[PDB]
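Top to bottom, those sequences are chains A and B.
According to the authors' numbering, the first sequence is numbered sequentially starting from 1.
According to the authors' numbering, the second sequence is numbered sequentially starting from 1.
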Amino acid sequence: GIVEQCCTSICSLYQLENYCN
Amino acid sequence: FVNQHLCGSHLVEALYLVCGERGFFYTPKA
Numbered sequence: 001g002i003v004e005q006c007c008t009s010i011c012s013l014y015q016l017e018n019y020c021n
Numbered sequence: 001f002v003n004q005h006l007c008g009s010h011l012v013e014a015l016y017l018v019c020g021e022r023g024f025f026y027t028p029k030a
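In structure tokens, the structure reads:
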């Protein structure tokens, strides 16, 4: 998940847009 | 900006700026 990918580790613009509508 | 540890309201704030008028969905447990 977005918590694992962007919070417990470092986020990226690439993974952030996978969560937009 | 987007490249840093983003947790809680910080990640909800980042998603809000990036998705813009597209919206987004926050599901911590998924």
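The C-beta atom is built at its ideal place from N, Cα and C for all residues, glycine as well.
For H10/B, the enclosing alpha helix (DSSP H) has its first and last residue at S9 to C19. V18/B and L16/A have their C-alpha atoms spaced approximately 8 Å apart. Within chain A, no C-beta atom comes less than 8 Å from the C-beta of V12/B; the nearest is roughly 10 Å away. In this chain, the alpha helix (DSSP H) harbouring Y14/A covers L13 to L16.
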